[PDB]
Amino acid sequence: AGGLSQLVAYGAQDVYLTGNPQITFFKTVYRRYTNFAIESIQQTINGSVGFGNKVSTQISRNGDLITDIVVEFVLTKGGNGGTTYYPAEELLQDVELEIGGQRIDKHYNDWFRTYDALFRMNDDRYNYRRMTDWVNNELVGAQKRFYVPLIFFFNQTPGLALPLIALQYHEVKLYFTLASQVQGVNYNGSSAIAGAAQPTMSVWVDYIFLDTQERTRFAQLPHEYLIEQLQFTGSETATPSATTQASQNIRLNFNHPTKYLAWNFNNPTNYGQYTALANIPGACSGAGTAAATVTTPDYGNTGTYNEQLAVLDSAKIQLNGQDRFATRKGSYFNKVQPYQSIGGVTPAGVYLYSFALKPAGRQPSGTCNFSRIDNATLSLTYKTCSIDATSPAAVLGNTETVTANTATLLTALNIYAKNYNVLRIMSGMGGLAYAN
């Protein structure tokens, strides 16, 4: 009886499962690795740290490889609960990676916002907001240290660790640009908060110290790294209307084998606002009360999952004038594309089309070479922004092809592309194999 009687229940169908076993689940032989050690070492910041300033850092040569890089900020909030929305993330307006004077990659705060909405999830996502925002209903004058982790190719997997020991003739530098106005920190809407303190910044880099043999190999052999890059040519001007369904054809200007496309429609006035403001809880300032105004967001709750507040009705991509795929609704790129390829949840207003089976995986799993496409176009169709945004009965009970009239402020269309490239390192210098 018990488990022993199940072993005897053996048939001809068990041949495909346990005939001539190849593996066993009860004796794992673990692999031996190269000895190493990790150390986070602070960097020297060049320039005056402050709102709207540009500072830079030259990675000091302390170890052999570098992996994680974290930017620490110390901020004091100037409003009460729910008056900030990822202020430390917005403060890092853009960051540029440079090797030997050559730009390797460059990221922007809106990419950080888009990456978080698509590729982070669950408790990891909430821990990221602890690191970049106040999440415990803090009041005016609350001071907190923030940690903004960079997400370049060598920051996301140790298998792509940048070998400083193999770059003795090339300097690795980071160029930071700080935001000028950060909601709930030094500005409240358009009005500056008097006495707002300037931020304090520090850059920390995680170094890998290698053993003698592997140290000789990294310094003497040629290296080829399959890296990822971000492409972003600037915001596009979206033209959603309140009386009809407007349409647009945005000529894409991407290159290289691309893993996926990600885009959003943002109101440039408010950071991370990808949906329309409405008089429903969490969608505007003072929603549900007599102080409600659809002009100002509920800053702490800027994001939403309500598709009714998104602006995109349908979309398709055209490749040299012909449809790459049939037109799908905006909710398809927000719900189904992430469901099929990511496995998390994406707030409304952020859209994805993946050419890869696993876009969040470092291992390539399907790409499209935009360098061989003369004309790639994103054909868009917007909803009719005809719903009264101040009426909860109108917002919570309408049809599929309409949205709130406040959606006309979503005029900044940001389109991102993640591509692959090859970083060759030899003779103490590194350079990208493909420039377009």
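Residue numbers here begin at 1 and follow the sequence given.
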query	finding
Average Cα temperature factor in the PDB entry - higher stretch of 65-73, 378-386	378-386
Higher-B stretch (mean Cα B-factor, as the entry records it), 419-427 or 6-14	6-14
Of the residues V345, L357, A142, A242, the one carrying the largest Cα B-factor as recorded	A242
Deposited CA B-factor, highest of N109, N249, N301, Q363	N249
Assigned third (lowest, middle, highest) for the C-alpha B factor of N188	highest
Where the record places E228 (Cα B-factor, split into thirds across the chain)	lowest
Third of chain Cα B-factors occupied by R328	middle
Third of the chain, ranked by Cα B-factor, where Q308 sits	lowest
Ranked against its chain, the third holding the CA B-factor of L118	lowest
